[PDB]
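Below: the structure, in structure tokens.
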Amino acid sequence: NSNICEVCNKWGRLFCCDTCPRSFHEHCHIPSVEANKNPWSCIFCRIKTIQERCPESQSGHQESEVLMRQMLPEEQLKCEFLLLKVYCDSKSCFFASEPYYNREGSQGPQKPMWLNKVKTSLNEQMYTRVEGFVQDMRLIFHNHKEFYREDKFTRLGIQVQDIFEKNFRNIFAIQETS
Ligand SMILES: [Zn+2]
Ligand SMILES: [Zn+2]
Ligand SMILES: [Zn+2]
């Protein structure tokens with residue numbers, strides 16, 4: 267196994283996957299690393315299994331169909347994994363915890379959103395369709411862009427949105443287009 271957390275790239279109290287070399291902090295893994303379970307397989311491994319069980323699941327899909335899917339166990343897991351891929355980028359720090367808004371010439375968003383709130387909502391099974399999860403993720407970056415206006419800090423929202431969207435297209439096998 268690796269000697270650093272796959273998510274945050276720090277050492278510490280690490281749980282090791284039994285089927286690949288990755289390791290995790292308890293609350294860095296999504297879902298949080300399970301109490302017992304020997305062997306234990308990490309979310310990367312569980313996603314790879316889904317793909318292997320149904321190779322056709324990698325054929326192209328339309329986004330509109332993916333969004334309307336109900337949050338059955340496999341879609342729950344895919345959302346968890348997509349959330350985790352965003353936390354994997356260090357720039358996710360800016361979007362993890364509850365924001366506050368007090369900048370001359372700007373007004374805060376009507377509906378604040380942040381990664382830890384999405385993580386709690388997934389954990390509590392609050393989303394009934396993929397669309398709910400995706401809407402809240404895209405809302406994080408849209409709120410940021412609107413609030414920061416012409417400040418160059420707006421770019422952080424563009425950057426982490428790009429990581430979200432690339433991973434969304436990969437995990438849900440969105441049909442490639444020009
Ligand atoms: Zn970690
Ligand atoms: Zn693994
Ligand atoms: Zn199949």
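The sequence shown runs 267 to 444 under my numbering. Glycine included, every Cβ here is placed at the ideal spot set by N, Cα and C.
Start and end residues, beta strand (DSSP E) containing residue i
i, result
"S289", "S289 to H291"
In DSSP terms, what residue i is bridged to
i, result
"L280", "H291"
"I440", "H327"
"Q336", "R395"
For residue j and residue i, believed in contact at Cβ under 8 Å, the rounded distance
i, j, result
"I309", "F347", "5 Å"
"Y353", "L388", "About 12 Å separates the two Cβ atoms, so there is no contact after all."
"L350", "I296", "5 Å"
"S298", "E272", "That belief does not hold up - the Cβ atoms of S298 and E272 are roughly 14 Å apart, past 8 Å."
"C274", "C294", "6 Å"
"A439", "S323", "6 Å"
Length of the line joining the Cα atoms of residue i and residue j
i, j, result
"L343", "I313", "8 Å"
"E331", "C311", "25 Å"
"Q336", "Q401", "14 Å"
"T315", "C283", "14 Å"
"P365", "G278", "27 Å"
"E340", "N409", "29 Å"
"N269", "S358", "22 Å"
"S325", "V426", "26 Å"
"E300", "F360", "27 Å"
"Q441", "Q328", "6 Å"
"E292", "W306", "13 Å"
"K385", "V396", "14 Å"
"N304", "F281", "12 Å"
"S444", "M392", "34 Å"
"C286", "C345", "21 Å"
"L422", "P375", "17 Å"
N-terminal and C-terminal residue of the alpha helix (DSSP H) that residue i is part of
i, result
"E341", "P339 to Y353"
"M403", "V396 to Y414"
"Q317", "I309 to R319"
"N269", "Where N269 is concerned, there is no enclosing alpha helix (DSSP H), given that its DSSP letter is neither H nor E."
"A362", "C359 to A362"
"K383", "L381 to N389"
Exposure of residue i, with buried meaning 16 or more beta-carbon neighbours within 10 Å
i, result
"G371", "exposed"
"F413", "buried"
"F399", "buried"
"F434", "buried"
heavy atom of ligand 4 below 7 Å from residue i C-beta
i, result
"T394", "Among the ligands modelled here, namely ligand 1, ligand 2 and ligand 3, ligand 4 does not occur."
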